[PDB]
Amino acid sequence: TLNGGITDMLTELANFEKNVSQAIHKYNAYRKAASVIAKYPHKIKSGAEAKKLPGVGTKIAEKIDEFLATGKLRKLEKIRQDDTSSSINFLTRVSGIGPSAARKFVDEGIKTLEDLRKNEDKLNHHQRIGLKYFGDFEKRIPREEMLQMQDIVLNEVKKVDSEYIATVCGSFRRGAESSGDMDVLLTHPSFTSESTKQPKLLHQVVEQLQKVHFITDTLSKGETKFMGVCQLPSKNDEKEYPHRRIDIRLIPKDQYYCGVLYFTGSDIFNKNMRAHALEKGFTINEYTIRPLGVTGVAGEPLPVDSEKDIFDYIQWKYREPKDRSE
DNA sequence: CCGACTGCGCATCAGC
DNA sequence: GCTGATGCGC
DNA sequence: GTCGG
Ligand SMILES: Nc1ncnc2c1ncn2[C@H]1C[C@H](O)[C@@H](COP(=O)(O)OP(=O)(O)CP(=O)(O)O)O1
Ligand SMILES: [Mg+2]
Ligand code: NA
Ligand code: NA
Ligand code: NA
């Protein structure tokens, strides 16, 4: 694709800033620049040309000039050579290990995949499962497997109660040919912004999926959010499917459209859209869109009857899920 | 120049 | 136990 | 690291 070279460079820089420097703004600055260049329908021929795009300022422009001229970036080359940065970067690849825990571990001389396995008593539960499935979680999910997964989740949900609606979101809903994980939006008429007239609404669904050996592990769980591990059943003599990440979000039914907009993403699209909302004087989360008052406080939830209504409020033309892959 | 940068659930820890 | 802050991941 | 005001 693209300016793949340049966007990979920026991504690597973002990851460095987040994992090593713990500089979260530089990290989102890089991700924004990577995103806007990924979308740019021209092979970038100079940093000057790139600087025209929003989110590419002077520093990134100079970096792009270097990369175009030499095929690489000295800054990254040093970072790759530095033992400590490389170690921290690697450890953050385990789910549940972030920049802080990674640096904690490196400080203790825990630097490798083997070190982690040898020190499992030093891991919290999430981290333990992330280590367990380190390999599998590196693998993307072909859309073909995503479709099989959807059929299982939806049918099992129906069996618990026919009034549940489960909607697969994330990259899948945007039409991707492969997904990093499975994002499931859940609603039930007993759970609204006005009342929860049934307890355990999410629990029952997770229970069912455990019962049929679809959900294999739990990373975290509460009343509206489940995050864990699942696996497709395999056939006689067939190798097993990799284990896969799964998140289920229970959203009040009268807030479906905000919820499905959030969970459909992408993450950077959501950020771009929420930023723009602020510029139009609204705030958007996965529940509501509310006006901001002069005082700087969110007012009362606006009526929403579609995804498009949310776009309409902030004066954006509607964009289909497939065109939100920023 | 420089304040502002999207928003939030769950796990964990600190302090009481 | 609680509250509030931080870590981590969507 | 970038940028609107
Ligand atoms: N930081 C964030 N801020 C706002 N919204 C966010 C954020 N992270 C996430 N989201 C929303 C959008 C995303 O599609 C959805 C699922 O989160 P995921 O992290 O699964 O994103 P994906 O778009 O599913 C790519 P994949 O194929 O690698 O899985 O959750
Ligand atoms: Mg996903
Ligand atoms: Na720019
Ligand atoms: Na991680
Ligand atoms: Na997910």
Side-chain angles (χ1 to χ4, degrees), chain A residues 9-10 13-14 16-19 21-37 47 50-64 75 91-105 122-130 137 169-172 179-186 202 206 218-229 245-252 255 258-280 282-290 292 296 298 310 314 326:
Chain A
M9 166 186 71
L10 297 179
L13 286 161
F16 171 76
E17 293 297 351
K18 184 189 165 180
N19 301 330
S21 307
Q22 293 180 260
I24 203 54
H25 294 117
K26 296 201 192 191
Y27 157 78
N28 307 21
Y30 279 116
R31 279 199 76 196
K32 174 178 176 192
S35 185
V36 65
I37 287 172
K51 199 189 202 316
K52 291 204 166 61
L53 307 182
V56 181
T58 315
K59 299 297 319 294
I60 297 188
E62 285 151 25
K63 288 191 165 55
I64 293 174
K75 168 155 223 184
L91 291 182
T92 65
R93 294 171 71 191
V94 174
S95 191
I97 304 182
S100 185
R103 179 177 291 277
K104 195 231 310 168
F105 289 141
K122 286 191 177 285
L123 304 182
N124 65 27
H125 177 70
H126 187 142
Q127 288 167 346
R128 200 187 163 99
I129 308 302
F137 286 0
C169 304
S171 46
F172 174 81
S179 296
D181 60 18
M182 193 195 209
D183 308 296
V184 181
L185 188 61
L186 191 67
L202 173 59
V206 167
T218 295
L219 294 173
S220 73
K221 184 179 179 188
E223 303 239 283
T224 64
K225 193 173 78 150
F226 174 86
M227 306 177 25
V229 186
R245 285 272 297 103
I246 175 159
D247 309 317
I248 310 182
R249 252 287 199 144
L250 179 61
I251 293 293
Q255 297 182 329
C258 286
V260 76
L261 169 76
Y262 150 77
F263 218 23
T264 297
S266 71
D267 58 346
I268 290 188
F269 171 83
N270 284 1
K271 179 182 179 294
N272 287 350
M273 186 170 184
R274 291 169 179 197
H276 180 77
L278 289 183
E279 278 165 8
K280 289 291 188 164
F282 306 85
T283 179
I284 300 181
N285 56 26
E286 62 262 59
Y287 307 116
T288 60
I289 175 165
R290 296 166 291 162
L292 254 295
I310 308 168
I314 63 174
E326 277 166 20

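In what follows, chains are A, B, ... by sequence order, proteins preceding strands, each numbered from 1. Heavy atoms only: backbone and side chains are in, while hydrogens, waters and symmetry mates are out.
- Summarising the geometry, the separation between CZ on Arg290(A) and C1' on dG7(B) is reported as 10 Å, rounded to the nearest angstrom.
- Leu278(A) comes within contact range of the sugar-phosphate backbone alone, with a heavy-atom separation under 4.0 Å but no base atom that close.
- The two atoms that bring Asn28(A) and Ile24(A) nearest to each other are OD1-O, 2.8 Å, heavy atoms only.
- Contact check, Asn285(A) against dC8(B): a side-chain N or O comes under 4.0 Å of OP1 or OP2.
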Inset, instruction - Go through the steps for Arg249(A) and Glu286(A) under the test salt bridge (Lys or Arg N to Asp or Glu O under 4.0 Å), then give the verdict. - result: CA-CA 10 Å; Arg249(A) 252 287 199 144; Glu286(A) 62 262 59; 2.5 Å; yes

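- At a threshold of 4.0 angstrom between heavy atoms, the contacts of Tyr27(A) with the nucleic acid are absent.
- Using a 4.0 Å heavy-atom cutoff across all strands shown, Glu223(A) reaches sugar-phosphate atoms only and no base atom.
- For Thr224(A) and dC10(B), the shortest distance from a side-chain N or O to OP1 or OP2 is below 4.0 Å.
- Taking side-chain N and O atoms only, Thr283(A) has a distance below 4.0 Å to OP1 or OP2 of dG7(B).
- Atom NE2 of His25(A) and atom P of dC3(D) are 15 Å apart (whole Å).
- Looking at heavy-atom distances under 4.0 Å, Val94(A) makes contact with sugar-phosphate atoms alone, never a base.
- Within the 4.0 Å cut-off from OP1 or OP2 of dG9(B), at least one side-chain nitrogen or oxygen of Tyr287(A) is found.
- Ring-to-base geometry does not place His126(A) in a stacked arrangement with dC8(C) (centre distance under 5.5 Å, plane angle under 30° required).
- With rounding to whole Å, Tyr30(A) atom OH is found 13 Å from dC3(D) atom P.
- Here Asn124(A) lies in heavy-atom contact (under 4.0 Å) with sugar-phosphate atoms only.
- Side-chain polar atoms of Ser220(A) and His126(A) form no donor-acceptor pair below 3.5 angstrom.
- Judged purely by atom type and a 3.5 angstrom limit, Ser35(A) has no side-chain atom pairing as donor or acceptor with the backbone of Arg31(A).
- Among residues two or more places apart in sequence or in another chain, the side chain to side chain contact (heavy atoms under 4.5 Å, CB included) test is passed with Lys59(A) by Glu62(A), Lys63(A).
- Comparing the P positions of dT2(D) and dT6(B) gives a spacing of 16 Å, expressed to the nearest Å.
- Residue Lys26(A) places at least one side-chain N or O under 4.0 Å from the OP1 or OP2 atom of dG1(D).
- The backbone N or O of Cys169(A) lies less than 3.5 Å from no partner atom in the side chain of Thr264(A), so there is not a single donor-acceptor pair.
- Nucleotide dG1(C) carries a north sugar pucker, as its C1'-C2'-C3'-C4' torsion angle is positive.
- Here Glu286(A) lies in heavy-atom contact (under 4.0 Å) with sugar-phosphate atoms only.
- Put simply, CZ on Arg93(A) is 13 Å from P on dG9(C), counting in whole angstrom units.
- Of all nucleotides listed (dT6(B), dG1(D), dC8(C)), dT6(B) comes nearest to the side chain of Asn28(A).
- Between the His125(A) side chain and the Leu219(A) main chain, no donor and acceptor come within less than 3.5 Å of each other.
- Contacts of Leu53(A) with the nucleic acid, taken as non-hydrogen atoms under 4.0 Å apart, involve only primed sugar atoms and P, OP1 or OP2.
- Here the side chain of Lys225(A) is nearest to one of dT6(B), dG9(C), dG7(B), namely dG9(C).
- One can place NZ of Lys271(A) at 16 Å from P of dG1(D), the figure rounded to the nearest angstrom.
- Atom CD1 in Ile284(A) sits about 13 Å away from atom P in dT6(B), given to the nearest Å.
- Here the P atom of nucleotide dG9(C) and the CD1 atom of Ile246(A) are 18 Å apart, to the nearest Å.
- When heavy atoms are screened at a 4.0 angstrom cut-off, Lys32(A) is found touching no nucleic acid atom at all.
- To the nearest angstrom, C1' of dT6(B) lies 16 Å from CZ of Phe263(A).
- Across all strands, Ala101(A) comes closer than 4.0 Å only to sugar-phosphate atoms, never to a base (heavy-atom distances).
- At the phosphate of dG1(D), OP1 or OP2 sits under 4.0 Å from a side-chain N or O atom of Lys59(A).
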